[PDB]
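Two versions of one and the same chain are coming, encoded as structure tokens; call them structure 1 and structure 2.
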Structure 1
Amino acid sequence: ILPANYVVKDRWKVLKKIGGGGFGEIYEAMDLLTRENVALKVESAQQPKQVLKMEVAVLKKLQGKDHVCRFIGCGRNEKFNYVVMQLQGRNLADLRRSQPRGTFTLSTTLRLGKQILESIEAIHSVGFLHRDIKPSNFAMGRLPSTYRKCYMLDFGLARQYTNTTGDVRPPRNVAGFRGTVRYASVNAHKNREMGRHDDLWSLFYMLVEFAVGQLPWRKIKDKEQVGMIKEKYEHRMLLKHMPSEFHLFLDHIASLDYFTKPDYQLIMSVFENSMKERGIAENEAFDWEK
């Protein structure tokens, strides 16, 4: 879409593409007013998708919370809509690729899991589901105060599950899924309305992939095939080389439906007890700091 050295609205000079192909394209850009590098996400106003407006709404509702990028600006024209946000470092999928065996140490995996769980709690606390939890949607900070912090990205698939009063809206009988196949829960595969527990299913799949390097359905492209494996796969065997406490995490989320609030502290305890058991210190160096 936007070429290099294109200047959005005479302020944001495109430098490179850093991601795209989903509901949007995101660029690293130079903010010519502040002279600071920023992230610039663009959506064609001609796409079927019309999401960036709610990305900003979610983004400003989470402003100030940890693991959330700062909103810098947004705008629209006849060709595309855009949002400008704080630039973060490399994403967790990139970092996992660049590890020699495609795996993180358990020290990194468990401490990442704690941070991602916190950000999932955060967006759930403002009444929104993420619905596209995956490694490429999390990135480490890029500043001296943020580089050991994980940042939640891409609210383009987010949906409000509460209403104005804090009550939970009824789920639809069916809901289309337009997210990423690899880390979707079986509920998502079955076009069921996603709930808070489905964001946690994605976290569970992420952490298994981090520690083990792969998921059984890694190569499989056909979505509707992928759901069939997950529906038939015995998930306890994913935990062969995970800490034993992950059985509690698996058992809990497998028990949930759309209507039941997750026991977030149970999952947090699984991570924290796993770390204490291996003597993993919170301030230990991450794998890529090595």
Structure 2
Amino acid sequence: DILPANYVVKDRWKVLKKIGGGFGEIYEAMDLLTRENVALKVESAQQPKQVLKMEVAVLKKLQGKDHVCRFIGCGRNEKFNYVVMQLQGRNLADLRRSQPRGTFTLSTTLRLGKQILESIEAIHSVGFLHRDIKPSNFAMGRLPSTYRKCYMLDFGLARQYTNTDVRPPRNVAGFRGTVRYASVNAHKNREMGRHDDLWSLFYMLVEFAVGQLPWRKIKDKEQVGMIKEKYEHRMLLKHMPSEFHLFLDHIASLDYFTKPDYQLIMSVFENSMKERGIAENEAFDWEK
């Protein structure tokens, strides 16, 4: 599936360059019909664990939500599976690292948190957990209408948590997401819930504002789990707005079964902005 420059998919999508890879590969391609560039994500037709089909189903389920890429097309063929979707821009991990001290201002952090919370509530509203919420899976828009909006990417680790509602949890479930942002529950092999996506958001926002997490330099997953289990998470909030204590206590109180109080978390962000005079139309840090 290493497609050369000027390769053309279904007589419509002309590959320009590889822009991601691993699971599968991601290409920037030109849509020969609509004449915009698009993101073209491919999965080898021989690779054993085939998840691109569920990624498409979640992406279709989310069409019409904010912070979701447009679905453009998909196809299954003898060599690879693919999905074509709206192309987005810079991801939040790269944007954070390009900041002079590797931190965002509280204005950018809080306003990003509002959008990421909206994204998470959206995928949960269609019956799925993301299970890999992290800053490289959010990308800012690249159009006049979208450049102040971030977009949720990569449903490859998603799991449906409804049956037809809340699905019976497995007694012990394997963890396969990203260690740095994973909740304690994910580390302890508990079946993941909506609250564990919100834990990842909590950790992301602390890292945005403080610039690091205490276990960042430990790559042993089991060690990181024990560190998080023992860590006094209120220490994470020493230089955060005090409303974040509300967010921490809420998600700490949740189990697999209980619907999060997304509105409570949104009000943490909204109240934090009001206390500080932060306005929704402020420049983001990367805007010059």
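One-based numbering along structure 1's sequence throughout. In this text, the rigid core denotes the largest set of C-alpha atoms whose superposition between the two forms falls within 1.5 Å.
Open item on the list: Against the rigid core, a Cα displacement of 2 Å or more between structure 1 and structure 2 applies to just one of 142, 97, 172, 79. Which?
Closed with: Among the listed residues, the one whose C-alpha moves by 2 Å or more is 79.
- [ ] Taking the rigid core as the superposition reference, indicate whether the CA of residue 253 shifts 2 angstroms or more between structure 1 and structure 2.
- [x] No: residue 253 shifts by under 2 Å between structure 1 and structure 2.
Open item on the list: At a 2 Å cut-off on C-alpha positions, does residue 49 qualify as shifted between structure 1 and structure 2 after fitting the rigid core?
Closed with: Yes, shifts by 2 Å or more.
- [ ] Inspect the rigid-core superposition and answer whether the C-alpha of residue 239 shifts by 2 angstroms or more between structure 1 and structure 2.
- [x] No: residue 239 shifts by under 2 Å between structure 1 and structure 2.
Task: Per-residue C-alpha deviation between structure 1 and structure 2 [residue 33; rigid core superposition; Å] - done: C-alpha displacement of residue 33 between structure 1 and structure 2: 3.9 Å.
- [ ] Enter the rigid core superposed C-alpha shift of residue 285 between structure 1 and structure 2, rounded to one decimal in Å.
- [x] Displacement of the C-alpha, rigid core superposed: 0.3 Å.
Task: Rigid core fit between structure 1 and structure 2: Cα deviation of residue 219 in angstrom - done: So the C-alpha of this residue moves 1.1 Å.
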